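**Student:** First the structure, which I've put down as structure tokens, then a few questions once you've had a look.
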Amino acid sequence: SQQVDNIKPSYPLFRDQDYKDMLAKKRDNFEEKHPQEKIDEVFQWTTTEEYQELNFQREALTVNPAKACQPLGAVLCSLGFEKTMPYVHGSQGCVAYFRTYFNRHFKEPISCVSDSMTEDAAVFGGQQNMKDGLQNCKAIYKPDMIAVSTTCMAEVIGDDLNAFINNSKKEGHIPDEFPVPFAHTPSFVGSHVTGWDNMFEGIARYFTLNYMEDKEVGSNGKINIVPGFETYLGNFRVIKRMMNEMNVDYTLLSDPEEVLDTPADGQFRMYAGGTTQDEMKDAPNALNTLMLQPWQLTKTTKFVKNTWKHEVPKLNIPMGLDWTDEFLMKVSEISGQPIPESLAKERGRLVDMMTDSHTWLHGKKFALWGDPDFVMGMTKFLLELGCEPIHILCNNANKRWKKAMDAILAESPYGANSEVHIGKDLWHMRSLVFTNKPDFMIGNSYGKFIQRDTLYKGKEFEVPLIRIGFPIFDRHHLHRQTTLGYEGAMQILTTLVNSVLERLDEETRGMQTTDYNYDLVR
Amino acid sequence: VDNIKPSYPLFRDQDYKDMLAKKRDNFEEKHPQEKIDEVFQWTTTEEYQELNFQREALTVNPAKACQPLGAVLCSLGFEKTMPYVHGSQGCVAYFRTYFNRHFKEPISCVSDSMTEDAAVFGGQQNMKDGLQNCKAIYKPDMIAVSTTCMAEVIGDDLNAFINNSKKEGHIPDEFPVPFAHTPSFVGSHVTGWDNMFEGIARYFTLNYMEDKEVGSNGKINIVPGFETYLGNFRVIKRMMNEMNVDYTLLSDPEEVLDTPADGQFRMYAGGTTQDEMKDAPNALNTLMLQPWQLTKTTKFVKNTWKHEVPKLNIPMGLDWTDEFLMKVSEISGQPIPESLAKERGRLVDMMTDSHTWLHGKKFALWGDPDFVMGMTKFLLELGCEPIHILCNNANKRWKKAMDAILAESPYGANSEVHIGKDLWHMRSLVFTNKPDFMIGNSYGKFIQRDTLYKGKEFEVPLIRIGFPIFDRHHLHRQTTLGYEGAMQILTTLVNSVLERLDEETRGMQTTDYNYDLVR
Amino acid sequence: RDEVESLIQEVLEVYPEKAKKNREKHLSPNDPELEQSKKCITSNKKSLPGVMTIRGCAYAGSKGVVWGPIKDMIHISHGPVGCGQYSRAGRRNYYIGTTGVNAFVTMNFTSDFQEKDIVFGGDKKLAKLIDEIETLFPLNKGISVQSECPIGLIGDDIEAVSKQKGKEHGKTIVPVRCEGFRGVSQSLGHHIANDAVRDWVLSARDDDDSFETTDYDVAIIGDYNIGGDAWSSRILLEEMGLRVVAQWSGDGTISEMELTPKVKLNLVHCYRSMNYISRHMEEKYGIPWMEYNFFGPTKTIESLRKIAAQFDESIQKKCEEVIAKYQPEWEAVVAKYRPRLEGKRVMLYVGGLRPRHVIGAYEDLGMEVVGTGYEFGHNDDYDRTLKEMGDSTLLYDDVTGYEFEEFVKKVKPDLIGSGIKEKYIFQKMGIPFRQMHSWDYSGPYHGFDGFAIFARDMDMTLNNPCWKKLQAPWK
Amino acid sequence: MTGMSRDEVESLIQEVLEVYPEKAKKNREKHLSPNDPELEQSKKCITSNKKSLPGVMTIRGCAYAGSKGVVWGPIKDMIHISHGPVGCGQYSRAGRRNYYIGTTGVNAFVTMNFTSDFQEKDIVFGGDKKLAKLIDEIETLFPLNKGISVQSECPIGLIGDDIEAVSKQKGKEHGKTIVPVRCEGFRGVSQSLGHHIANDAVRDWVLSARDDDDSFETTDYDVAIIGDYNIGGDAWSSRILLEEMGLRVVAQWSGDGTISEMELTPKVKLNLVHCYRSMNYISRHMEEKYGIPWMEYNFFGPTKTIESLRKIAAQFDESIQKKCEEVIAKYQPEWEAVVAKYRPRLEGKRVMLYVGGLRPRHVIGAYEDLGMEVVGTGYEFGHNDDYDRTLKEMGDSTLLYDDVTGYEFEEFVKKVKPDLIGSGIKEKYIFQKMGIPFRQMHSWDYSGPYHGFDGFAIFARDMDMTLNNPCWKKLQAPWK
Ligand code: ICS
Ligand code: CLF
Ligand code: CLF
Ligand SMILES: [Fe+3]
Ligand SMILES: [Fe+3]
């Protein structure tokens, strides 16, 4: 039943007694459900150390991975270039998932096309799909550039992207001069951040590899910045803002912030902003290139060092306090531009907030997951805050990354109780937060199911989720936030301390039981 | 060790529970828990609310401060200016502590420590010694004098006292000592800000109007009023800079309330210069960011500076930020840049992206008159229903304007505006006509505790927007003005709905359906 | 209307000659007097390469749509990590259970294929994975292996692994060859998933008559409980005196599917996804199946009476009792919201059922559907749409991103109902948008209780203040 | 490195005094002095309890803060009216962390702000009629309150209001205890006079309520905790130790205190005074009238706690003394583990303290139990007897500052260079900007309790957390 002035959505509607009786009858008569005592016993078992041992012994089954596949990262990289259409050579189901995935995180239109390879292309190849798809995409959406990646189907059948695109231009389906950079992005290798790295390297080598003769390092007086797979708009904005503050000429290659934040003013903009082809062409002329996320940009770093002859600095992700200092000083050294007093004031304000909030964050235990560079930066900032990241997880990191993380934790007294897990999913994380409970989780929206599980064991066992990372689906406009620089550190610091304070208020709201310590002032 | 428990988990141990139970049962002579429960249930009913709204002498949990607090904040907005409260020192200790806990920053303010001796002979000697000591010790460029209620009750003449201090050599004749009478039994803290600003503006410009020409410096004055969000000062400056509009933000405390921690303490930082105040009558116009709390300043600026002072609402939400930008554009002749149109469009895009989770949501809000009016206007723009609009400071004129704003919107039909009511009135309102959320300062946390105690389904979560915020950190850095402020408010509101929904749907096998990954 | 054909001609000029000639077959005005939609529109063909098609794949239609909602079964996304990750908890097929213990819908079980699995096969990895599932999730009641694209390309044999492991563990393991390249859309995923149900689950209790049966046993087929849609439909059916033995597949169990061959009537809500299993059950067990529509009071009342006519007079008497009981509720909803929605025009584009099933609900609020289309509807889907849509009204099969935008720019509807991939495109243009797949995370919309939510949601979005504020006042 | 010599401390005192005007410098010179442990009377080295100099950033509050904020407000079952304009009650609302157990708004009212909210009509024509009507509304809307206190703010004593007459009439009318407190903020020089006024209000209106009442059963081990305000549960950590010793804590006020506990105090055998400054007035009265001995005790740090517990137990029979050794032995491993964990990370650190009237000397033993040295201390409103007790508890040639100004305390810190500063919220953010770790000695930085053995673990954790926090090593920008 529905009251016209109290219309209930699904959650309060099905908690009505008539729906409760229906569901109980359905469960008891037809569902053949396991008895609730057995269900409770099994759930209690899944929270124990014995279950965790079996959980971590598995080698074939992945449960709730914290990673995506390569072409998703390639699409995001392609979206960072001016009037560029992401084009995934392969099956159309992948593109529908890529677009939907980015739709739900950014709440924005996501432009990406497939050439709809089917069972016929499984035996004959996707050459005809490439010729028709490139011609149709150019004719319909009129991009200045088509960036081609691959689905796993095209990779498994061994389609030659270079030959297919060359044959498309020779047979007149697209002009010979039309830029069609390509990258093989196999989804059974690496993760989405690997696809971003491959796509950027493909675009960079498309525009510069055969034109290195007239290039001179430092002739345009700029600094290239490669962000990598980045889903926070504020991270693109904070880097540009800091470079403008230092009066440092820069080129942000793969800049998607404009197209991922178009205004709603009565018009739809398929394209907005993005790195121009002239910017990519002139990139070898820069003084240097900075990898914002060096752990996911190894193929790009190898290409830039070997082809552009840029001495890419060994810079960490500019996260927290120390690494933002190192990034700013490295930018200052390369460009010769002094760090302005405004940035020193911003750093001092971040230090002031660190001082103001240190009592509520010291000793706080965190389990975190995400992409390798974000996780490393988050761990570094947590150590700077006196927090203990006790469960550091990265589904898509290698052993070299784990070695660097262990060195970072060894440098800090607050990393002594820390364990780094690589190649582990969020079902592994669920075991970790049950057996060695942190105060909070830092991760994407998939951690909400871990919080539900820990709450089900008990309120005193619930581990609240702090939503930092990708993807964020159950909150709105968090993609506008910043995690890089002093501004990003301030936003992270404010989120962390107020998560502690909000959790403490929830624990102390109980009248006459915990309402002492329900302090007005914290 | 390894589990050192602070107060909350420590006293929940069984040994402390047994101790507290024995203490209550043997010595406290407490009312029986059944009677306590019965009385609490009574205080949540409509019958209690009618008695609650019938009181005329008792105020319970007010949502306002006293005038000198606003005067101190206004004084802090001027360059190297020491707030100086003529009166008893207990007021200044409270003013500094109040601002210390909200801004998490040092707050400079001095008292002349008027005591029982000054209750009979006046505070003239305290003024002479205090001005001399304050100048010699802290070396301000300017001393802004307000009053505690003690000095106002005994009728101390600020003008005569400061004049006698200069005549007898305790301070130089040319040293600027603006003053304002700020009686705490009149108005509220925002009234003190208005009085202090009018006193400073009058001090620097009233006797120097002869050579002033309106619009000769080509700038626009901005008077923010009592503002405790650093981002509000920042957003106004940023918007004027991107419009290439020359402006003068009078009473700009942004820098001194956000000094960096770099091994040095800065008692003074930034602030409106005395030349800026002196040249203010030469501006094209003056804009009151919070016109309802700036009436005395508005009257002075219109009648002395001969500035038109357009009837502008607070630049909050979408419509009123549009009006502010178009009024700035009209006065300065500078077109609104495409960057601001893009920022407005992004705010509209977020309004579109979040409208399904905000439509129909019921809010009880309180705070200062202009912030409440702007919050109500933005809530109506979002399709939300502000059902309990409370303002302890506002007059009947403000209530009339709010009723007109609500009458203009179909989402204001179920709205009631309360003036002269405190947060105990608000507690009854959220019990008898329950909103989904309350927007207010940290004092609302006790209302949430009460509504949770009645039941989880009755709990009204508090969204912390306003002043003061004591139980959260660095919220004073955020913005409520402009498109950026509207975006921050929207993000806070929609994610408060989503976080509350996740809390209600986290229960495994009971409400874990609708615990959606995608919202 | 010649005007609609003129619009179709104008949007067609952008395409190259080969792409254009293909697309004219998929756009046509609606002719209610036409009996066969083959003579006006063409469907279920291959998507043109290089266009922003909205369609998914066979894996999305099998794992996402049919198998995934089965709560007591673990569904392995067999292959690389991508497909299972993007489809994890994305459909809102509601269920009741303890996730990770006896329910696994919002979970992402995957084999996470690496290069070694692509090069040397993943049959051994699949066998090991099933063992790990048995150890770590012992309360699962069955396992499905949803093949992603590489599985059918590297020559893996998941049927042999499923057979051996099912006998070894005494479990039902369903190999589904739903490789995303197999068809042209999610539609073939429905057929592959339905055949997997028939070949591995449906005949489990053929020689088992222990389940007690009544004359009023029904099974809901093709209702995936989107926001509790099947629960809102089930309460109406059981208030009518019927016993809903099974529902496919939202909130469904493996045992419910095994009990379906014992019902008296199969109520098919989504014909497109589950007509395969309904025809098989009619030919094998003799169970009649009928299509029903619980969108809006008018369709719900008609379907309830049509269902009750399949039983004795006692059920028909209870049907009039249910209709009378809910009559004040939906009449109050209409009285409240029809004045705010009367005359508004809607353009719809959903998958294989909703482009035509929701039309009556819109017409109950005074609204008019001035255009509709299917991502993967067949000719029989468009046959059903012809009479449910007004004359000279736009129909678009497998509409591209460009075509749908151009149609909206000309038709100018007051509301668009479509998927998440076009939600934010038309919100930029200032047209109110309602998600017709996830119900914009609201719902349910089925039954009488769902109609109140539907009318509230249409009113909330269409009449939202945000839509009057897209133009800057100074522009 | 040796601590500052006496000569260097006087030299530092002279330098800070230079910028003062001559009249101000002469006054301030009497309030700064090196510590002389060999000195018996602090009058000959430092001067206290004088008027604050005008125009200086004094940290002191007012008599209203010392009466309403300190003594009366923590009484949970009583409603306390901030009689006057809205400001005083608003700034003191829930700002102290006097912990209590109750249903707020029903039977407990500590974090509540009851005020008469004076307007100009109440200033001009008086607020006695408004106060009478206000008390009626309190009775109607809060019927479970067990008493009412009228805390006068500054205008009450200036406009000639008569709150004693209103309180007497309304108390008879409602059968309720109404305590008029003339704690107008201008009356004294600090919160200290607020303590005396509040104590006299307790004596004149509450303490005699059961003089002819003997129904309450009494034991030989009855004690009352006087002047413990349960800051973060301080009195609860102290009470558990006393009752483990076999004592019965009949009364504790004001922290978590009730009006009935205050009325039961004249029936105890011993009055344990933690804060002498705020409650020595009522303790002397109870000794002179009821013959109850009172003794000062210190539960800061294990060394002071053990000494105090043994000294308390010596006031009773051997059974209490035996239980005292059981309590000391039971908690010995707990605080020794705390010392073993945190003393290595705090040994040799130097701390400067500045709190109101008790904590500048009471917390010194806890710091010394952690290996730390207090190189400077001072009082906002401590009297000469407060400084008498500090002399022996404080190191030789150590800076002492009475009613220190904002300038003076900053200049002292710049020269002494302490590793840690313990002071109020008005000094917390000044010294954190200078890069010196700061701990609030009033609110315990919203941590605590610090009393007793359980409080010592929190205290050592808090000192280590702030002093050794990584934030302090990053104050300087690397490029600067
Ligand atoms: S199954 Fe089909 S696309 Fe019939 S794949 Fe799709 S939950 Fe649509 S129009 Mo999403 S044939 Fe169901 C459908 Fe309709 S996922 Fe749902 S809304 S009624
Ligand atoms: S059409 Fe469908 S969704 Fe596409 S792959 Fe094929 S079954 Fe799957 Fe999968 S991991 Fe990523 S998303 Fe693909 S490239 Fe492969
Ligand atoms: S010394 Fe003390 S705190 Fe000061 S007034 Fe006097 S009793 Fe009170 Fe009150 S309302 Fe505001 S804060 Fe004052 S100016 Fe008056
Ligand atoms: Fe958006
Ligand atoms: Fe600060």
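Residue names in the structure tokens use chain letters A, B, ... in the order shown, residue numbers from 1 in each chain, and ligand numbers from 1 in the order shown.
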For residue 252 (chain B), please output as a ChimeraX atom specification all residues within 9 Å (counting only C-alpha atoms; exclusion window: fewer than 2 positions along the same chain).
**Tutor:** /B:74,76-79,223-224,233,249-250,254-256,270-272
**Student:** Write out the residues from the selection above, keeping C-alpha atoms, as a PDB file, in the first residue's frame.
**Tutor:**
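That gives us part.pdb:
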```pdb
ATOM      1  CA  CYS B  74      34.981  43.048  12.083  1.00  0.00           C
ATOM      2  CA  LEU B  76      40.106  41.552  12.808  1.00  0.00           C
ATOM      3  CA  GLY B  77      39.316  42.362   9.169  1.00  0.00           C
ATOM      4  CA  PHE B  78      41.495  45.490   9.149  1.00  0.00           C
ATOM      5  CA  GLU B  79      45.246  45.611   8.658  1.00  0.00           C
ATOM      6  CA  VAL B 223      31.205  44.772   2.808  1.00  0.00           C
ATOM      7  CA  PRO B 224      30.921  41.087   3.808  1.00  0.00           C
ATOM      8  CA  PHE B 233      36.052  35.941   1.416  1.00  0.00           C
ATOM      9  CA  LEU B 249      36.911  44.251   0.383  1.00  0.00           C
ATOM     10  CA  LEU B 250      36.421  46.268   3.563  1.00  0.00           C
ATOM     11  CA  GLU B 254      40.803  36.166   5.570  1.00  0.00           C
ATOM     12  CA  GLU B 255      44.585  36.317   5.995  1.00  0.00           C
ATOM     13  CA  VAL B 256      44.728  36.781   9.775  1.00  0.00           C
ATOM     14  CA  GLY B 270      46.494  41.048   5.679  1.00  0.00           C
ATOM     15  CA  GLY B 271      43.365  43.051   6.363  1.00  0.00           C
ATOM     16  CA  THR B 272      41.809  46.172   4.895  1.00  0.00           C
TER      17      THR B 272
END
```
**Student:** Return as a PyMOL selection string every polymer residue, whether protein, DNA or RNA, with at least one atom no more than 7 Å from an atom of ligand 1; count only C-alpha atoms and all ligand atoms.
**Tutor:** chain C and resi 61+65+91+186-187+222-224+226+270-273+350-355+436-438
**Student:** Could you give me, as a list in words, the residues within 10 Å of residue 99 (chain A), counting only C-alpha atoms and dropping anything in the same chain fewer than 5 positions from it?
**Tutor:** residues 72, 75, 76, 94, 104, 108, 109, 110, 111, 112 and 113 of chain A; 54, 86, 420, 421 and 422 of chain C
**Student:** Only N, CA and C atoms, please: the residues just picked out, written as an mmCIF file, in the first residue's frame.
**Tutor:**
```cif
data_model
loop_
_atom_site.group_PDB
_atom_site.id
_atom_site.type_symbol
_atom_site.label_atom_id
_atom_site.label_comp_id
_atom_site.auth_asym_id
_atom_site.auth_seq_id
_atom_site.Cartn_x
_atom_site.Cartn_y
_atom_site.Cartn_z
ATOM 1 N N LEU A 72 39.743 0.343 -20.619
ATOM 2 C CA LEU A 72 39.114 1.417 -19.857
ATOM 3 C C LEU A 72 40.091 2.562 -19.619
ATOM 4 N N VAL A 75 40.649 4.463 -22.847
ATOM 5 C CA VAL A 75 39.567 5.391 -23.167
ATOM 6 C C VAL A 75 39.744 6.701 -22.409
ATOM 7 N N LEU A 76 40.081 6.618 -21.119
ATOM 8 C CA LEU A 76 40.281 7.825 -20.327
ATOM 9 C C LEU A 76 41.436 8.656 -20.868
ATOM 10 N N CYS A 94 32.187 -4.282 -24.609
ATOM 11 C CA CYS A 94 33.214 -3.633 -23.804
ATOM 12 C C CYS A 94 32.989 -2.129 -23.734
ATOM 13 N N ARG A 104 28.831 6.503 -14.471
ATOM 14 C CA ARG A 104 28.382 6.438 -13.087
ATOM 15 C C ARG A 104 29.362 7.116 -12.139
ATOM 16 N N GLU A 108 28.729 12.214 -16.098
ATOM 17 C CA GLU A 108 28.994 13.007 -17.286
ATOM 18 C C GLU A 108 28.828 12.123 -18.507
ATOM 19 N N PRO A 109 28.512 12.705 -19.661
ATOM 20 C CA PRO A 109 28.553 11.926 -20.901
ATOM 21 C C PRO A 109 29.973 11.462 -21.186
ATOM 22 N N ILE A 110 30.092 10.235 -21.678
ATOM 23 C CA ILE A 110 31.381 9.654 -22.025
ATOM 24 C C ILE A 110 31.305 9.190 -23.470
ATOM 25 N N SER A 111 32.126 9.785 -24.328
ATOM 26 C CA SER A 111 32.121 9.469 -25.749
ATOM 27 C C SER A 111 33.152 8.384 -26.023
ATOM 28 N N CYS A 112 32.707 7.298 -26.647
ATOM 29 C CA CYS A 112 33.580 6.191 -27.007
ATOM 30 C C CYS A 112 32.827 5.303 -27.982
ATOM 31 N N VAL A 113 33.521 4.836 -29.013
ATOM 32 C CA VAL A 113 32.890 4.054 -30.062
ATOM 33 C C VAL A 113 33.562 2.692 -30.158
ATOM 34 N N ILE C 54 24.280 1.887 -28.207
ATOM 35 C CA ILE C 54 24.001 1.733 -26.784
ATOM 36 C C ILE C 54 24.036 0.267 -26.368
ATOM 37 N N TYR C 86 32.791 -4.372 -14.470
ATOM 38 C CA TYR C 86 31.859 -3.343 -14.919
ATOM 39 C C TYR C 86 30.411 -3.747 -14.681
ATOM 40 N N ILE C 420 21.722 4.977 -18.894
ATOM 41 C CA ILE C 420 22.701 5.837 -18.240
ATOM 42 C C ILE C 420 23.677 6.462 -19.231
ATOM 43 N N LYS C 421 23.905 5.828 -20.382
ATOM 44 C CA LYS C 421 24.862 6.347 -21.350
ATOM 45 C C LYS C 421 24.355 7.580 -22.083
ATOM 46 N N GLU C 422 23.050 7.830 -22.067
ATOM 47 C CA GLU C 422 22.482 9.032 -22.652
ATOM 48 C C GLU C 422 21.837 9.944 -21.624
#
```
**Student:** Using only C-alpha atoms, which residues of chain C come within 7 Å of chain B, and what is the closest atom pair for each, with the distance in Å to one decimal? Give it as CSV, sorted by chain and residue number.
**Tutor:**
```
residue,atom,partner,partner_atom,distance
C:89,CA,B:517,CA,6.1
C:90,CA,B:518,CA,6.8
C:94,CA,B:513,CA,5.8
C:95,CA,B:513,CA,6.1
C:96,CA,B:509,CA,5.5
C:97,CA,B:509,CA,4.8
C:98,CA,B:509,CA,5.4
C:427,CA,B:352,CA,6.9
C:441,CA,B:519,CA,6.0
C:460,CA,B:359,CA,6.6
C:461,CA,B:356,CA,6.9
C:464,CA,B:383,CA,6.6
C:465,CA,B:381,CA,6.0
C:466,CA,B:352,CA,6.2
C:470,CA,B:348,CA,6.5
C:472,CA,B:341,CA,6.8
C:473,CA,B:322,CA,6.8
C:474,CA,B:326,CA,6.9
```
**Student:** Next, the residues of the selection above should be written as a PDB file, in the first residue's frame with N, CA, C and O atoms.
**Tutor:**
```
ATOM      1  N   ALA C  89      27.114  -5.399  -9.546  1.00  0.00           N
ATOM      2  CA  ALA C  89      26.113  -4.617  -8.815  1.00  0.00           C
ATOM      3  C   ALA C  89      25.654  -3.396  -9.610  1.00  0.00           C
ATOM      4  O   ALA C  89      25.469  -2.309  -9.062  1.00  0.00           O
ATOM      5  N   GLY C  90      25.465  -3.574 -10.913  1.00  0.00           N
ATOM      6  CA  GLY C  90      25.090  -2.465 -11.765  1.00  0.00           C
ATOM      7  C   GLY C  90      23.653  -2.472 -12.247  1.00  0.00           C
ATOM      8  O   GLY C  90      23.225  -1.521 -12.905  1.00  0.00           O
ATOM      9  N   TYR C  94      16.973  -6.834  -7.235  1.00  0.00           N
ATOM     10  CA  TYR C  94      16.930  -6.891  -5.783  1.00  0.00           C
ATOM     11  C   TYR C  94      16.739  -8.320  -5.289  1.00  0.00           C
ATOM     12  O   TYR C  94      16.115  -9.155  -5.945  1.00  0.00           O
ATOM     13  N   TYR C  95      17.303  -8.593  -4.118  1.00  0.00           N
ATOM     14  CA  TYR C  95      17.282  -9.927  -3.544  1.00  0.00           C
ATOM     15  C   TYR C  95      17.352  -9.809  -2.030  1.00  0.00           C
ATOM     16  O   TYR C  95      17.721  -8.768  -1.483  1.00  0.00           O
ATOM     17  N   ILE C  96      16.988 -10.895  -1.355  1.00  0.00           N
ATOM     18  CA  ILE C  96      17.090 -11.001   0.094  1.00  0.00           C
ATOM     19  C   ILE C  96      18.061 -12.128   0.410  1.00  0.00           C
ATOM     20  O   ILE C  96      17.858 -13.268  -0.026  1.00  0.00           O
ATOM     21  N   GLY C  97      19.108 -11.814   1.158  1.00  0.00           N
ATOM     22  CA  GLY C  97      20.064 -12.827   1.549  1.00  0.00           C
ATOM     23  C   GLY C  97      21.240 -12.210   2.270  1.00  0.00           C
ATOM     24  O   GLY C  97      21.357 -10.990   2.398  1.00  0.00           O
ATOM     25  N   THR C  98      22.112 -13.091   2.749  1.00  0.00           N
ATOM     26  CA  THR C  98      23.361 -12.701   3.396  1.00  0.00           C
ATOM     27  C   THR C  98      24.454 -12.771   2.336  1.00  0.00           C
ATOM     28  O   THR C  98      24.909 -13.857   1.969  1.00  0.00           O
ATOM     29  N   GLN C 427      20.645  15.824 -20.344  1.00  0.00           N
ATOM     30  CA  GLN C 427      20.587  16.766 -19.235  1.00  0.00           C
ATOM     31  C   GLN C 427      21.356  18.043 -19.551  1.00  0.00           C
ATOM     32  O   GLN C 427      20.983  19.120 -19.073  1.00  0.00           O
ATOM     33  N   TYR C 441      17.577   4.708  -9.843  1.00  0.00           N
ATOM     34  CA  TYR C 441      17.799   4.214  -8.487  1.00  0.00           C
ATOM     35  C   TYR C 441      16.589   4.405  -7.584  1.00  0.00           C
ATOM     36  O   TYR C 441      16.703   4.268  -6.362  1.00  0.00           O
ATOM     37  N   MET C 460       8.792  14.637 -10.284  1.00  0.00           N
ATOM     38  CA  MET C 460       9.971  15.226  -9.659  1.00  0.00           C
ATOM     39  C   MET C 460      10.980  15.691 -10.699  1.00  0.00           C
ATOM     40  O   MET C 460      11.543  16.784 -10.582  1.00  0.00           O
ATOM     41  N   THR C 461      11.208  14.883 -11.732  1.00  0.00           N
ATOM     42  CA  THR C 461      12.204  15.235 -12.736  1.00  0.00           C
ATOM     43  C   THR C 461      11.651  16.219 -13.759  1.00  0.00           C
ATOM     44  O   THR C 461      12.295  17.228 -14.060  1.00  0.00           O
ATOM     45  N   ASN C 464      11.152  19.698 -12.209  1.00  0.00           N
ATOM     46  CA  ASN C 464      12.209  20.150 -11.316  1.00  0.00           C
ATOM     47  C   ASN C 464      12.591  21.596 -11.629  1.00  0.00           C
ATOM     48  O   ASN C 464      12.600  21.997 -12.797  1.00  0.00           O
ATOM     49  N   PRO C 465      12.907  22.400 -10.610  1.00  0.00           N
ATOM     50  CA  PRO C 465      13.315  23.791 -10.872  1.00  0.00           C
ATOM     51  C   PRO C 465      14.603  23.917 -11.668  1.00  0.00           C
ATOM     52  O   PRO C 465      14.832  24.965 -12.285  1.00  0.00           O
ATOM     53  N   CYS C 466      15.454  22.888 -11.671  1.00  0.00           N
ATOM     54  CA  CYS C 466      16.765  23.003 -12.306  1.00  0.00           C
ATOM     55  C   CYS C 466      16.649  23.236 -13.808  1.00  0.00           C
ATOM     56  O   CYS C 466      17.531  23.853 -14.415  1.00  0.00           O
ATOM     57  N   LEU C 470      18.905  26.694 -16.931  1.00  0.00           N
ATOM     58  CA  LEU C 470      20.077  26.336 -17.722  1.00  0.00           C
ATOM     59  C   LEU C 470      20.657  27.529 -18.469  1.00  0.00           C
ATOM     60  O   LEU C 470      21.868  27.572 -18.708  1.00  0.00           O
ATOM     61  N   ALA C 472      22.009  31.199 -18.631  1.00  0.00           N
ATOM     62  CA  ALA C 472      22.493  32.260 -17.765  1.00  0.00           C
ATOM     63  C   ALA C 472      21.661  33.522 -17.982  1.00  0.00           C
ATOM     64  O   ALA C 472      21.347  33.869 -19.124  1.00  0.00           O
ATOM     65  N   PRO C 473      21.275  34.216 -16.909  1.00  0.00           N
ATOM     66  CA  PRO C 473      20.401  35.392 -17.068  1.00  0.00           C
ATOM     67  C   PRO C 473      21.015  36.504 -17.900  1.00  0.00           C
ATOM     68  O   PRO C 473      20.275  37.281 -18.515  1.00  0.00           O
ATOM     69  N   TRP C 474      22.339  36.610 -17.939  1.00  0.00           N
ATOM     70  CA  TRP C 474      23.007  37.629 -18.734  1.00  0.00           C
ATOM     71  C   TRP C 474      23.256  37.189 -20.171  1.00  0.00           C
ATOM     72  O   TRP C 474      23.834  37.954 -20.948  1.00  0.00           O
TER      73      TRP C 474
END
```
**Student:** Based on only C-alpha atoms, which of the residues in chain A come within 6 Å of chain C? I want them as number ranges by chain.
**Tutor:** A: 1-2, 9-10, 30-31, 43, 60-64, 68-69, 91, 93, 96-97, 100, 108-109, 113-116, 118-119, 129, 132-134, 136-137, 140, 153, 188-189, 264-268
**Student:** Please identify all polymer residues within 9 Å of region 460-463 of chain A, counting only C-alpha atoms, omitting same-chain residues fewer than 2 positions from it, and present them as a ChimeraX atom specification.
**Tutor:** /A:433-434,437-441,450-458,465
